[PDB]
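Right, one structure below, let's go through it.
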Amino acid sequence: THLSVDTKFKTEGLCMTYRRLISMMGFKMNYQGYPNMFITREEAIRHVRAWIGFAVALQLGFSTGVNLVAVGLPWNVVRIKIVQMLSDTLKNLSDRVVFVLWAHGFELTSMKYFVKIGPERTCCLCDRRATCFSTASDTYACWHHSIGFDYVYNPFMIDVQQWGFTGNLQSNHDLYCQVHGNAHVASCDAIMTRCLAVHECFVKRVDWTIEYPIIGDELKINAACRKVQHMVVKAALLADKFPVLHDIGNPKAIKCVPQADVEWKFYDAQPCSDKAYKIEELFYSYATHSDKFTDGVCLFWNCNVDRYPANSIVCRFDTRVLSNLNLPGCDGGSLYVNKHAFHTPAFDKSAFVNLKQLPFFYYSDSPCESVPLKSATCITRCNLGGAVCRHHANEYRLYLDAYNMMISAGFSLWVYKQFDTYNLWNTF
Ligand SMILES: Cc1cc(S(=O)(=O)c2cc(C(=O)NCc3c(F)ccc4cnn(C5CC5)c34)n(C)c2C)cc2c[nH]nc12
Ligand SMILES: Nc1ncnc2c1ncn2[C@@H]1O[C@H](CSCC[C@H](N)C(=O)O)[C@@H](O)[C@H]1O
Ligand SMILES: [Cl-]
Ligand SMILES: [Cl-]
Ligand SMILES: [Zn+2]
Ligand SMILES: [Zn+2]
Ligand SMILES: [Zn+2]
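Read in order, the letters of the sequence shown are residues 5950 to 5964, 5974 to 5990, 5993 to 6017, 6032 to 6045, 6081 to 6379, 6391 to 6448 in the UniProt record's numbering.
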């Protein structure tokens, strides 16, 4: 859970323990839920929504792209702007801030000017943990109630250099990322340090053991995506009668259509060990697998490979979508934190070159029963006749709502070019 202040601090990167470092930074530690400003990698990963890259050269820079110069601007104005920026950035994401550092010593020295530490406190106006302090009123605020507050209260931090790196920030960042160019500017170092931290913590694999709290429409977004997944995969199996389905990026061996008359094969780069017996370990790349999975259809449900083969059903998240769920990531990618943290490579149109956009439709083979619905996209027995039944018209509108929710949440659907609803009409 917590990082003992007695833990040694590697000074090779600075331009010794955490206890001694807190003294050097100019914080009276007191005699006695805040044993250390610095936190473990594991704790930082749990609070990824709180991550703000921070660097100095004083020119103070943040991973938000903001740079502030202190004498220039006076410190009283600067510290107001910092609390403003952090409050606006984090109020809907986290109960805290985690400064992500590539520590040269100067940034740590500068914290005494805009940071106050002490025991954990609650907001003067709500039940939330205090993130801000007002010298003027001697009161404490959360990110929501910090209007006019001048000090950051009990911020957490990590030095990424303590995760064991040779060379400078730029040499390590540029190994994994070509999107953040290093100018001689503080905010560029702030961005690169957080980018590097995201690479080290999230790019390699999903950690299924770490959950993140609900902060928006996760439940409705996820319900809508699963409803659409069932509809689309059910419809493609009925329409083209594929004998095998290659579910690439399924680490739990759960079928979205369990009643489907098909051989369902599971693959993942990182299968869950309790289901590894049903799942082949496989890293899909088009260059290494373009002549494989030639039989039946491949399902890539948010399995974000470099290029999809022609025989694919695909859901892919657009990393450019602005959302409290969608955090800046590594190499033009984003970190999508919805229940778990999913690093997603940049949305790239060249991935879909073998596919077409999946058009909207509703299909039901279920029994009929009872503002009339006149739509070419309602594929039911009753629409084949004159009027659509009250059941299927209601289910159509619920399905359209789920589809619209999924699109507005940033997900797009792609399908093999031969896919057509002609063959679903045939099933009647
Ligand atoms: C941007 C983006 C989105 C998604 S996602 O939208 O598919 C997604 C997936 C999950 C998730 O928990 N899957 C577990 C799981 C599986 F592994 C396999 C099958 C099922 C069936 N049901 N379930 C769920 C437990 C009920 C399954 N969650 C919470 C989200 C939001 C995955 C990404 C990878 N990179 N980027 C990604
Ligand atoms: N190139 C690749 N080849 C194979 N699996 C990959 C992959 N890139 C990512 N994955 C896997 O894709 C999954 C994405 S998250 C789970 C998605 C799953 N299809 C669902 O419906 O929930 C992870 O399990 C990850 O290990
Ligand atoms: Cl992976
Ligand atoms: Cl983003
Ligand atoms: Zn409050
Ligand atoms: Zn980067
Ligand atoms: Zn009907």
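Built from N, CA and C at the ideal position, the CB exists for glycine as well.
Query: Per DSSP, cross-strand counterpart(s) of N6347; Result: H6349
Query: Alpha carbon of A6150 to alpha carbon of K6274, nearest angstrom; Result: 53 Å
Query: Buried versus exposed, by CB contacts within 10 Å (16 or more), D6277; Result: buried
Query: Where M5974 falls, given that 16 or more other Cβ within 10 Å makes a residue buried; Result: exposed
Query: Chain B within 8 Å of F6036, Cβ atoms only; Result: In summary, chain B is missing from the structure at hand, where a single protein chain is found.
Query: Backbone secondary structure at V6323 - three-state DSSP; Result: strand
Query: Whether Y5994 touches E6129 by CB criterion (8 Å); Result: yes
Query: Inter-residue spacing [alpha-carbon to alpha-carbon] between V6314 and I5980; Result: 44 Å
Query: Contacts around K6437, its chain only, beta-carbon distance under 6 Å, and the 5 residues preceding and following it disregarded; Result: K6365
Query: Cβ pair count under 8 Å reaching 3, the stretch 6420-6432 against the stretch 6225-6245; Result: yes
Query: Same chain only: Cβ atoms within 8 Å of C6402, ignoring 5 sequence neighbours per side; Result: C6377, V6408, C6409 and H6412
Query: DSSP-derived helix/strand/coil call for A6192; Result: coil
Query: heavy atom of ligand 7 below 7 Å from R6417 C-beta; Result: no
Query: Beta-carbon proximity check, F6326 vs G6176, cutoff 8 Å; Result: no
Query: For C6204, the three-state DSSP class (helix, strand or coil); Result: helix
Query: Opposing strand residues paired with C6398 [DSSP bridges]; Result: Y6371
Query: Boundaries of the alpha helix (DSSP H) in which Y6185 is found, first to last residue; Result: Run containing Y6185: none; DSSP gives neither H nor E here.
Query: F6309 CB to nearest heavy atom of ligand 1 below 7 Å; Result: no
Query: Where the alpha helix (DSSP H) through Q6366 begins and ends; Result: Element bounds for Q6366: not the alpha helix (DSSP H) but the beta strand (DSSP E), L6364 to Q6366.
Query: Heavy atom of ligand 1 within 7 Å of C6234 beta-carbon; Result: yes
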